[PDB]
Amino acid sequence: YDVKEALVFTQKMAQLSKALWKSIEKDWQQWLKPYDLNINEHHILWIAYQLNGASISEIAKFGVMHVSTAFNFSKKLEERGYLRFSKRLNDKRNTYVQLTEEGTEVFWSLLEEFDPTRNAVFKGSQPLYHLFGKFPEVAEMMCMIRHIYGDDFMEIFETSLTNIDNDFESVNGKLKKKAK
């Protein structure tokens, strides 16, 4: 490698990457502000929703947070009444976490407030969607993440929509809980 080419590249990725995440983070915290949840809490709820219960280990992995952060925030969610801890006989090693009825309700309620026209990443990708007929695949970015984080990490994408498709309908560009 040319070390000057390597520098240009890594500084380009750092800048693009800070710009993208800060933008998403800001929209995500706006979304959550009426609920007094932070982003990590919502992410924990999301992971337990998507996987039908999740271990602290899966939450740390898929939430891109340390195990202790996953535990700490799950504990806070438990105190809030939004999560409960269980322990699966089949798996003595792990602590699992599951949505309570209150947590599930807050989760559905957040999804019903989801408005893509208020999301800068969605708006930012509309010219590409119109040109290509689909959302951008960002395949180079995905390739890099798969190489840094491994194949395991990537599997979260496969089930991204399973539960949501059965729980919600689209009416007027918004999600609405349907009778499942």
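Note that residue numbering begins at 1 and tracks the sequence as displayed.
Of the two segments, 19 to 27 and 156 to 164, the one listed with the higher mean B-factor is 156 to 164 (C-alpha atoms only). Ranked by Cα temperature factor within the chain, residue 106 sits in the lowest third according to the deposited record. When all modelled residues of the chain are sorted by CA temperature factor, residue 74 is found within the middle third. Per the deposited record, the Cα B-factor of residue 118 falls in the highest third when ranked against the other modelled residues of its chain. Residue-level temperature factors show residue 143 in the middle third of its chain, judged at the C-alpha atom.
For residue 149, the recorded CA temperature factor ranks within the lowest third of the chain's modelled residues.
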